[PDB]
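Asker: Below you will find the structure I want to go over with you.
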Amino acid sequence: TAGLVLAXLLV
Amino acid sequence: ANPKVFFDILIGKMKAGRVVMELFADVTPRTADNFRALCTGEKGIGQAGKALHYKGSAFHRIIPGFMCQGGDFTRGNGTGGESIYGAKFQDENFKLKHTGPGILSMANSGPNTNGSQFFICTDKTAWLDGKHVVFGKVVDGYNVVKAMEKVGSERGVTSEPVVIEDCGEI
Ligand SMILES: [Mg+2]
């Protein structure tokens, strides 16, 4: 992700 | 033929090599063209008064065994970036999947929030299928990506600055 990085493996 | 673009990567002081990537303009022409134009810098200045250009920008979040993320050329931290289309653009399609190491895919903040941020996978990341647009893959210099990946950390902070010292189209 782009602003709030969250749990697990995301972008 | 599908365009090919490159990054010359710097890790700390060290010239790490050239990563060359093919862009699937035959499947994701709009997504491919954004990335391509950002490598060249040809669209000039964007809406944040920053060159629409990856040159100089860093891979700010690298997670070994998962991916390398960059493309935030307006804030360098994951909060910025913009497309050649004006801020964010629509998810083009989800035809392609996260099938293995080397795949290029779009980072986002939910549906239809594509800007300039992208990731290079270092593994098959199939849990992202249908949520991130797959638009290309590394075809040469994957060893440079391996080298980037060694400088990253589990939570994603890099112990060396990984920067795109130059870039463009071939
Ligand atoms: Mg441009």
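Residues in the structure tokens are numbered from 1 in each chain, the chains being A, B, ... in the order shown, and ligands are numbered from 1 in the order shown.
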So that I can check the surroundings of residue 63 in chain B, please list as a PyMOL selection string every protein, DNA and RNA residue that reaches within 9 Å of it, counting only C-alpha atoms and ignoring chain neighbours fewer than 4 positions away.
Answerer: (chain A and resi 9) or (chain B and resi 67-69+122+149-158)
Asker: For C-alpha atoms, I'd like the residues from the last selection saved as a PDB file, in the first residue's frame.
Answerer:
ATOM      1  CA  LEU A   9       2.286  -8.849   3.190  1.00  0.00           C
TER       2      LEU A   9
ATOM      3  CA  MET B  67       9.127  -7.505  -2.884  1.00  0.00           C
ATOM      4  CA  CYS B  68      10.827  -4.233  -3.477  1.00  0.00           C
ATOM      5  CA  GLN B  69       8.589  -1.083  -3.507  1.00  0.00           C
ATOM      6  CA  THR B 122      10.842 -11.498  -5.332  1.00  0.00           C
ATOM      7  CA  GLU B 149      16.590  -7.402  -1.478  1.00  0.00           C
ATOM      8  CA  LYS B 150      19.574  -8.172   0.776  1.00  0.00           C
ATOM      9  CA  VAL B 151      19.588  -4.485   2.000  1.00  0.00           C
ATOM     10  CA  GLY B 152      15.921  -4.613   3.169  1.00  0.00           C
ATOM     11  CA  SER B 153      14.345  -5.765   6.384  1.00  0.00           C
ATOM     12  CA  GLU B 154      11.330  -7.599   7.604  1.00  0.00           C
ATOM     13  CA  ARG B 155       9.353  -4.456   8.345  1.00  0.00           C
ATOM     14  CA  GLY B 156      10.720  -2.895   5.187  1.00  0.00           C
ATOM     15  CA  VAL B 157      13.337  -0.371   6.263  1.00  0.00           C
ATOM     16  CA  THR B 158      16.456  -0.496   4.144  1.00  0.00           C
TER      17      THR B 158
END
Asker: With only C-alpha atoms considered, list every residue of chain B at most 9 Å from chain A, as a PyMOL selection string.
Answerer: chain B and resi 63+66-67+69+72+77-81+106-110+117-119+125+127-128+132
Asker: Name the residues, by chain letter and number, that sit within 6 Å of ligand 1 using only C-alpha atoms and all ligand atoms, and give them as number ranges by chain.
Answerer: B: 37-38, 40-44, 52-53
Asker: I need the residues of chain B that end up classed as strand (DSSP E) by DSSP on the backbone, written out as a ChimeraX atom specification.
Answerer: /B:4-11,14-23,61-63,67-70,103-106,118-121,134-140,162-169
Asker: Between CA of residue 100 in chain B and CA of residue 24 in chain B, measure the distance and give it in Å to one decimal.
Answerer: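 Calculated distance between CA of residue 100 in chain B and CA of residue 24 in chain B is 15.5 Å.
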Asker: Find the distance between CA of residue 160 in chain B and CA of residue 141 in chain B and write it in Å to one decimal.
Answerer: 19.2 Å
Asker: Using only C-alpha atoms, determine which residues lie at most 6 Å from range 3-14 of chain B, disregarding the query and same-chain residues fewer than 2 positions distant; provide the list as a ChimeraX atom specification.
Answerer: /B:16-23,160-170
Asker: Write the residues of the selection above to a file with C-alpha atoms, as a PDB file, in the first residue's frame.
Answerer:
ATOM      1  CA  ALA B  16      24.672  -2.226  -8.302  1.00  0.00           C
ATOM      2  CA  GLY B  17      23.777  -2.653 -11.998  1.00  0.00           C
ATOM      3  CA  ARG B  18      20.989  -2.309 -14.510  1.00  0.00           C
ATOM      4  CA  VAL B  19      17.519  -3.847 -14.085  1.00  0.00           C
ATOM      5  CA  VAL B  20      15.753  -4.061 -17.468  1.00  0.00           C
ATOM      6  CA  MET B  21      11.948  -4.619 -17.531  1.00  0.00           C
ATOM      7  CA  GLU B  22       9.401  -5.446 -20.175  1.00  0.00           C
ATOM      8  CA  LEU B  23       6.054  -3.676 -19.985  1.00  0.00           C
ATOM      9  CA  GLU B 160      21.216   1.277   2.691  1.00  0.00           C
ATOM     10  CA  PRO B 161      19.577   3.827   0.388  1.00  0.00           C
ATOM     11  CA  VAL B 162      18.398   1.984  -2.759  1.00  0.00           C
ATOM     12  CA  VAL B 163      18.100   4.594  -5.494  1.00  0.00           C
ATOM     13  CA  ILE B 164      17.335   4.819  -9.146  1.00  0.00           C
ATOM     14  CA  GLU B 165      20.358   6.842 -10.209  1.00  0.00           C
ATOM     15  CA  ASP B 166      19.255   6.782 -13.862  1.00  0.00           C
ATOM     16  CA  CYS B 167      16.370   5.334 -15.875  1.00  0.00           C
ATOM     17  CA  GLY B 168      14.698   5.376 -19.228  1.00  0.00           C
ATOM     18  CA  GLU B 169      13.534   3.513 -22.264  1.00  0.00           C
ATOM     19  CA  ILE B 170      15.692   1.164 -24.444  1.00  0.00           C
TER      20      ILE B 170
END
